[PDB]
Structure formats: structure tokens, C-alpha cells
Amino acid sequence: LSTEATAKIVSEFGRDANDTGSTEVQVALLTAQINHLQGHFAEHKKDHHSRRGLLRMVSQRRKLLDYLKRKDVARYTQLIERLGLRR
Amino acid sequence: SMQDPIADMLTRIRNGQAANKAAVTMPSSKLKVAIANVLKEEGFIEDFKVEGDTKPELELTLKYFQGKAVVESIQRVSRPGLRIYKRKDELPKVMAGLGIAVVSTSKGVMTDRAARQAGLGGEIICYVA
RNA sequence: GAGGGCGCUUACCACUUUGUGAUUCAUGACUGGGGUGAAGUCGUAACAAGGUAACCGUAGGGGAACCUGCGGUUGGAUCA
RNA sequence: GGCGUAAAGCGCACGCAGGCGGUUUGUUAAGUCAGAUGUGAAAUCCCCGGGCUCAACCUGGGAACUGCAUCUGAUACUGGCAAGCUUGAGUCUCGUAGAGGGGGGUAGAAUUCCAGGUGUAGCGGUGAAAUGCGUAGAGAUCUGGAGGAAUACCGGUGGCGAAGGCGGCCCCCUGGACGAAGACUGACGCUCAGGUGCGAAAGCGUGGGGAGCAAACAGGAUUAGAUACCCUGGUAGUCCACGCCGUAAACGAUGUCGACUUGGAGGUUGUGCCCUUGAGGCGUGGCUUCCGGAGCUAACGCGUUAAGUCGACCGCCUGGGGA
RNA sequence: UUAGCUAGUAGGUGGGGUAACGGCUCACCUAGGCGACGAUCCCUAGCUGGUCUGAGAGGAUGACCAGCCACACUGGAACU
RNA sequence: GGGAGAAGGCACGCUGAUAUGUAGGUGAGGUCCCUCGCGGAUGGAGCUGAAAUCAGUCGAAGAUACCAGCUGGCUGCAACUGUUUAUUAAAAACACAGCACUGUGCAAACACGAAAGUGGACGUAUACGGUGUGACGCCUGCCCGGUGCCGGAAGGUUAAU
Ligand SMILES: [Mg+2]
Ligand SMILES: [Mg+2]
Ligand SMILES: [Mg+2]
Ligand SMILES: [Mg+2]
Ligand SMILES: [Mg+2]
Ligand SMILES: [Mg+2]
Ligand SMILES: [Mg+2]
Ligand SMILES: [Mg+2]
Ligand SMILES: [Mg+2]
Ligand SMILES: [Mg+2]
Ligand SMILES: [Mg+2]
Ligand SMILES: [Mg+2]
Ligand SMILES: [Mg+2]
Ligand SMILES: [Mg+2]
Ligand SMILES: [Mg+2]
Ligand SMILES: [Mg+2]
Ligand SMILES: [Mg+2]
Ligand SMILES: [Mg+2]
Ligand SMILES: [Mg+2]
Ligand SMILES: [Mg+2]
Ligand SMILES: [Mg+2]
Ligand SMILES: [Mg+2]
Ligand SMILES: [Mg+2]
Ligand SMILES: [Mg+2]
Ligand SMILES: [Mg+2]
Ligand SMILES: [Mg+2]
Ligand SMILES: [Mg+2]
Ligand SMILES: [Mg+2]
Ligand SMILES: [Mg+2]
Ligand SMILES: [Mg+2]
Ligand SMILES: [Mg+2]
Ligand SMILES: [Mg+2]
Ligand SMILES: [Mg+2]
Ligand SMILES: [Mg+2]
Ligand SMILES: [Mg+2]
Ligand SMILES: [Mg+2]
Ligand SMILES: [Mg+2]
Ligand SMILES: [Mg+2]
Ligand SMILES: [Mg+2]
Ligand SMILES: [Mg+2]
Ligand SMILES: [Mg+2]
Ligand SMILES: [Mg+2]
Ligand SMILES: [Mg+2]
Ligand SMILES: [Mg+2]
Ligand SMILES: [Mg+2]
Ligand SMILES: [Mg+2]
Ligand SMILES: [Mg+2]
Ligand SMILES: [Mg+2]
Ligand SMILES: [Mg+2]
Ligand SMILES: [Mg+2]
Ligand SMILES: [Mg+2]
Ligand SMILES: [Mg+2]
Ligand SMILES: [Mg+2]
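Residues numbered from 1 in each chain as written, not as in the entry; some residues may be left out. Chains lettered and ligands numbered in written order. Part of a larger assembly, values for the part shown. Heavy atoms only, no water.

- Per the deposited record, the coordinates in this entry were obtained by cryo-EM to a resolution of 3.7 Å.

## Section: the protein's contact with RNA strand D
- Neighbouring residues of RNA strand D: 62 residues in total, closest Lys63(A), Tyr67(A), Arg14(B), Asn15(B) and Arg83(B).
- Restricting the count to atoms of RNA strand D within 4 Å of the protein gives a sugar and phosphate share of 77%.
- Within the side chain of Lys30(B), one N or O atom sits 2.5 Å away from a phosphate oxygen of RNA strand D.
- With 11 residues, helix α4 (residues 48-71) of chain A is the largest single contributor of residues to the surface near RNA strand D.
- When the residues that make up the surface near RNA strand D are grouped by side-chain class, the tally is 13 nonpolar, 31 polar and 18 charged. (Near = heavy atom within 4 Å. Polar contact = N/O pair within 3.5 Å; in protein donor to acceptor, adjacent residues only side chain to side chain. Helix = DSSP H or I, 4+ residues; strand = E, 2+ residues; numbered from the N terminus. Nonpolar A, V, L, I, M, F, W, Y, C, P; charged D, E, K, R; others polar.)

## Focus on the sheet that holds strand β3 (residues 57-62) of chain B
All names here are of chain B.
- Ordered by their spatial adjacency, 3 strands build an open sheet running β1-β3-β2, and the pairing between neighbours is antiparallel. Of all strands in the sheet, those with a lone pairing partner are β1 (23-27) and β2 (45-51), marking the two edges. Ignoring strand direction, the axes of neighbouring strands in this sheet form an average angle of 20 degrees.
- Here β2 pairs with β3 via 6 bridges, running antiparallel. Looking across to β3, one finds that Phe48 is bridged to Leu60.
- Against the sheet, helix α2 (residues 30-42) touches β1, β2 and β3, its axis set at about 155 degrees to β2. (Pairing = 2+ DSSP bridges. Axes fitted to C-alpha atoms, helices over the stretch in contact; angles between N-to-C directions. Contact = heavy atoms within 4.5 Å.)

In C-alpha cells, the structure reads:
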């Protein structure tokens, strides 16, 4: 992804606006790339070698978001509402 | 991954002895300090030494006699897949008295001979034969 | 007079009856294959480079071993 | 007990439940251990003993009755719970390498077909021939087309991908890996029954295309016969888009992850330093092929990418056929 | 090579009943409960202290003896 | 999707209670607003009104009359709904969606007409005519000697001129 977009992402979700490694930040970067890449997998439908990378991104987002749900329930609920994931 | 730090320690001792090392090294921990303390007490290593401020490296200096290794065999008993907790009459006696068996009892970690002389069982971590 | 008994009746329920499945055993002309048999008939596919290297999958064919197509494997032989 | 070759590692990955879980402190004390209490009917089994003259048998006392529950403790391990760490796992910054995937263009060589010119009697074929193509002028040959497919040399046990696989060049979209100094989150980890996704070729459906090649089929031979090899043709199919099938000697006949253990030879792709003092030299990573040590192994052989020493989780085998 | 099962079924409130709690039995309501830690279904079986074997962990089994359960020609029902 | 209304069985009248007519439907008043009228909210009188459960009772028989499936099993033929021999044949015949072959490049092929023209079509190869077959599943094997049809114009024979 582009450097201005990731700088936007860490500025809108960051702890100290430098850290780039927090769980909210990693889920925000993952969801930005997933909702950008759905447009690729709507026009190219036989693109399985990148569809696997999308499935990796999905599973990794789900692992981080489950760790957030175990860690802070209030932070997880406000984060899933701020992003716009369903569950 | 590192699903058994104690078997990492024991496998490092067995490998270093069977491959003729002198000073083997591993990352430290409290149970590793206790087991290496038992081994230095009974005489299966020369001396151990834990060096490092935040995360340390535990170093074991292996013994030898006429070139051959000192620990003949060493194995796990209570692996994490299947733990072995033993009462006091059902304690082992490895190598008919010669070898030692390390037991964690309520009074810290101690050789099974001391566990029999203190009258309580525990968990058998290893069979240093 | 109360109350009782018998009797009638309703409720429940067994034997019995019909209808229709499910499972299991027996049996059934004929048939798909399998196994064993006395010097039976037709071949000779495999083991050596087994005389077309075999084999795996799949499809077609053919008296039968099998043959050929497409892809794969070395568990294939010769290296002056 | 076992899984390279004897029967046995799912084709490969994702992943819910489940199983296991780095390290420091504090608490709890569930698992664990220890004492006591209740209890484990008696008979039997066992240890000492008594009797039937001996034994079998009868019988006294005892432990055992490997358990269950309750009370009381202990706190090393495991668990819960609460706070921390940073090595595990991951994110950012900047590049490098790549036939990784998907879509669209395009280039030349060659084969075939057509059209036209030359020019004449052979072409094609195998072991040797023939069917076939030829006096309607072929094969050879020069020009102009048209068409479809595959990409010579690079090209190398080279690279990339999880596996299948991927090979001219260009663009668009895109995944992954790896390296460097930093920074950051702070156990977020590993494996995974069922479940899902990808999965060569052949095959099927719908619709296109159709040059080569080519199962089926026809003809020619060889043959004892030859439903085969060999020859001349030749339709499916190969190809493009959508789907379906889910199989292979899907092979490294070696599940994944992680740790430790003598070396050498190369290749590949970074990167640090040193005077790159010329096409050097001193190290650290990742990936990869060959030889080989102890170890192991039934032997062959594998051998820091293990079939060595181990740990976690999963799959599978129990004589050959029948199958 | 049995993945769905269950309508008094899971629970509630009220009534009745029982030596006694309880859907034990009814009225009404809620729509539940059981299930891959194997429900439901099929086949076999009395269970246990023990006995035989085994070095032991186990495997097989339940004769006599002793405890418990069930049945008394088959299927029911109640009385004392 | 179907089979299927498979088969097979139970309840069915009147009266009383729940409820002196229930749930539901309709909404008069009345009250408040009211962008003021054929306006809108609680408001439910009156009117209508199933259907169910419990109890009673009658008859031999409660859908009591009229109207109102015979059901099941195996199989042939045809996929089906359709159409025909008006007036002895309604089918297993005809059609049919689908399949294939073939013709046709548009002033189409083809037909009706000496001809103009028109249908084809105010359509343009995913269209139209003709032919055979008759959904869907598995399939369609061998022969070009005969008769056709298509390609050849080198040669033999060949008309008017
Ligand atoms: Mg990532
Ligand atoms: Mg042979
Ligand atoms: Mg031969
Ligand atoms: Mg052969
Ligand atoms: Mg052969
Ligand atoms: Mg061979
Ligand atoms: Mg053939
Ligand atoms: Mg074995
Ligand atoms: Mg074999
Ligand atoms: Mg094998
Ligand atoms: Mg494998
Ligand atoms: Mg995995
Ligand atoms: Mg732990
Ligand atoms: Mg406790
Ligand atoms: Mg007893
Ligand atoms: Mg005696
Ligand atoms: Mg604890
Ligand atoms: Mg740091
Ligand atoms: Mg931190
Ligand atoms: Mg699975
Ligand atoms: Mg294919
Ligand atoms: Mg096809
Ligand atoms: Mg076919
Ligand atoms: Mg086709
Ligand atoms: Mg062709
Ligand atoms: Mg297989
Ligand atoms: Mg392969
Ligand atoms: Mg291979
Ligand atoms: Mg295999
Ligand atoms: Mg071994
Ligand atoms: Mg080697
Ligand atoms: Mg191993
Ligand atoms: Mg082996
Ligand atoms: Mg009650
Ligand atoms: Mg009561
Ligand atoms: Mg034994
Ligand atoms: Mg009785
Ligand atoms: Mg009786
Ligand atoms: Mg007949
Ligand atoms: Mg009909
Ligand atoms: Mg009809
Ligand atoms: Mg008509
Ligand atoms: Mg008629
Ligand atoms: Mg008519
Ligand atoms: Mg008629
Ligand atoms: Mg016209
Ligand atoms: Mg017909
Ligand atoms: Mg017909
Ligand atoms: Mg035919
Ligand atoms: Mg003909
Ligand atoms: Mg002819
Ligand atoms: Mg023909
Ligand atoms: Mg002609």
C-alpha cells in the first residue's frame, strides 16, 4: 500500500502516531488492504495466487481482533464499530 | 514451537555430551536453574552459571571420565503431552539406586532419594541415568 | 335422613383387528465377478533394454492377456 | 510397536472446536503431594499363626481392599486470576531478486492452406517395401496473403509458488519471500477432527476456434495369425471463456512446527566491513544441489534441508490374496 | 454401513395424588430440552464381591459361595 | 419440482358455558387539537360475527338430502399440455421444445404470379427457408461398391453456328 495511506492510517488509529505496531493499527492496515483488494477480486475472478494472500490477511485480522476481544472488550467494541466490521 | 523448555535443556545436555562439547548454553529460567542446581549437587555437571541481567544464558560445564561421557542416559518422564504425577510409594528408582530422578515436590526441586527421605511424592521431571 | 351395597355409565388399559413402512433371516430361474482343480484349448502381456522400458491416472478400442492417445515417475539398460 | 524401499504421511494449504503453550512477580489453591476421619460387607487372594495323624479342607489375627468422599495442611510443577518483560509471532521505513498469478496488446521463425510465376517426372517412406501424392505439371522453388498454436538461442539439478505448476517481449492489477539499521504491539503462538478453498493430464456440458499433433477408424506391410510396434491418411481432443469432475509413481515414495549436534565442495540472492588500492579479501543472513563424519539403519543409505538427539499436534498400518 | 431426536416432550403457575419430592397426574402458559464428551436406533448381556490367566498393566468371564435386581405358563389389573 | 389428495384413520347435529354474541370487523357519540374541513388522534356505544374446548342430549345413521376421487402393484407405447379422420377410427398417428445436415451475403435462397410486383422482411448468418429426428440421461459403431449431391476441366464422345 502507498506510504501516504499508511501514514493516514497510523495517524487516525495510532497510540503515539509513530508506533505503527499496535493492534488497532494492524487491524486498520489489514482492513484497508482487504477493502481495497475486493475490487481486484471482483474484476479478476481467477486470481487464486493472490486470493490466498487475501485469505491470509483475513485470518490474521481475525486473530488480532480476537486477541483484542480477549484483552479489552471496550476497545474491541469501539474498534469494530469505528472500522465497520460485522462481528 | 518451544513447547517444552525442559526437554530443550535435557536435549541440549544429551547432544553436547554425545558430541563432546565442554560448555553448553541455553536460555535461562527458574526451573532450569533448579534442575541444573540438582545436577551440580549430585555430580553430573562440573558447574553451572547463569549470566545475563534481563534475559540470561545458563551455561553448563560438562564432566568427563577417561574421555567418555558422564551422563549415560537422560530422558523426560513427565512430558507436557502426558504428565506423570507419582505418589510416595509409587516413586521410581532408576538404575537400581545408581541413577537419580529429579522430582518437584512441595519443598522445591530435589532428587528422588531426598524425596523418599522427606516422605512425599511430586512430579518426575527427568531420569538422569 | 345421612351413609353403604348392587346396577347403569364415562375415563384409563390388555388380548384381538386393519392399514402401512423399517430391519433381519431363509428361499428364488438366471446372472456379475471370485477361488480351487487332473499333461485341456488360444496365445506370450511381466521379470534382462523380456525383445515396443515398465508403471500410475484417465479415455477409447479389442478374443484375452493388453494396445494406443495425453500427462507424470525412476522403483529403467548401454555411456568406449 | 511402526511409517523412504517391507502394510502404513491426507495431493497441498487455510481454519472453528480440541490438544499443547516462552519468561518475571503477586495472589488463589482447582489438578498434584502429605497427615487424619468416614468407607471400601463378609467369603476369597496374600502374611503370620491353630486344627482334621499329613495335605486338600476348616479357621484366628493382620495388611491389602491400588478407590471414593470429607477435614486439615504444603506451594515446586500445571491451571485460574491480576500486573509486567521481549527473544517467540506480527506491523511500519527502503531496496533487491523472481517463467508467482490474473487481464489486454504485440513480434519473428517455422508448419499448413490458398493464389500467381518458373520447371520437369518424380515425390514420400522404412530394415526392405507398399498404400498414398504424381504428366489435371507434384516435390523443389520466388512473391503476396490467411490462419492457429508454441515461444529456438538465453537455459544452468537456475529462479518463483504452499501443492498442481510456471519459459519470447510490453503494459495494467496483485500476492508472497528476503535483506539492512531502527521503531513498535507485547504470548497475539503451534497443530488441527469435522468444515472449506486451490488441485496436472485425461474426461463431461454450453458456445467459439481448428495450423500442427493425434486416441477411435480406414488402407499398406511384417507375421503363423498382428485388432500392436513401423508406413500413408485421419475425427474427438489439444486451444479460448464459463462451469462440473477432485484423480496420478499428485514422489524427496520422507505431515507440519520448533530446538540442539563435526566438515567440505559449489550454485543462487542480498548485505556489513576493509584500501572495491585490478576481474580482491575478511563475515553475517536466506534459499539451493553433490560428497561425507559420529549418530542411526534390516541393509541400501539419510546425514545440520536428518531417516541423528528430542518436544507439541494431526494422519495412518496390523499376513498375502478376496479388495 | 444409525445424525438427528423429543407433543406430557424441557420448564413455569394453579389443582389433584403419593408413606414421600417429582409431569407422578391434569388445566393453562413459555418453546423448550437432548446431540459428535455419541443423543436416537440396531444387536448382544443379569451386575458386583470375585474366578482363570498374566511378572505386572491388562485380557476373558460371572459355575459353586455372598450381596443387589428381575421373573414365577404368556399379557395385564388391583385388593388384603 | 414431484410421487401425494399416496395409501390409511379420526372429529363433524342441536343445546348450555367460557362469552346473556368470543376473537375479529365497522365506528355513533363524547373529548382535545384543528394548516377549519368529505380534517386527524384516545373513544368505543350500537351493529355484525367466525372458529375452538368442556358438559348435556337425540337418532339405527350428524358431510344425514342434492352436489360430491374408486385405490394400489407390474409393464408396453408416447416425454408432457395440445391437434386430427365435421357425420363408424382421437391413437402408439400429427405437432412439439431440443438435436443435426443443408441452402442463402441481401436486388437473398424459396414460393405466388408469363410480367409488374408481393410475401421472405420493413428482417440481415445468434437471421430465414427446406429436410430428417422428436424432451432429459448414456450414446450415434463399420461401408463411397450402387443411386444422388458437391469439387475438377487434362483427355474421349458432343448441339445450334
Ligand atoms: Mg502480511
Ligand atoms: Mg514379453
Ligand atoms: Mg515382439
Ligand atoms: Mg515390453
Ligand atoms: Mg508392452
Ligand atoms: Mg522396465
Ligand atoms: Mg489400437
Ligand atoms: Mg512392527
Ligand atoms: Mg512395493
Ligand atoms: Mg509401501
Ligand atoms: Mg507429502
Ligand atoms: Mg496450518
Ligand atoms: Mg506455561
Ligand atoms: Mg487444591
Ligand atoms: Mg471383605
Ligand atoms: Mg497344620
Ligand atoms: Mg499457580
Ligand atoms: Mg527493543
Ligand atoms: Mg511495551
Ligand atoms: Mg479434513
Ligand atoms: Mg483439460
Ligand atoms: Mg469439451
Ligand atoms: Mg464421449
Ligand atoms: Mg465442440
Ligand atoms: Mg483440421
Ligand atoms: Mg490416492
Ligand atoms: Mg509431480
Ligand atoms: Mg519427483
Ligand atoms: Mg503418498
Ligand atoms: Mg529410533
Ligand atoms: Mg550423504
Ligand atoms: Mg525426526
Ligand atoms: Mg528407517
Ligand atoms: Mg405441581
Ligand atoms: Mg401440592
Ligand atoms: Mg503378556
Ligand atoms: Mg414380582
Ligand atoms: Mg401372572
Ligand atoms: Mg407386450
Ligand atoms: Mg402423447
Ligand atoms: Mg391430451
Ligand atoms: Mg382443430
Ligand atoms: Mg369420426
Ligand atoms: Mg373436432
Ligand atoms: Mg370417436
Ligand atoms: Mg421484396
Ligand atoms: Mg417420428
Ligand atoms: Mg421415436
Ligand atoms: Mg449412422
Ligand atoms: Mg456414391
Ligand atoms: Mg467413388
Ligand atoms: Mg465414409
Ligand atoms: Mg458435376
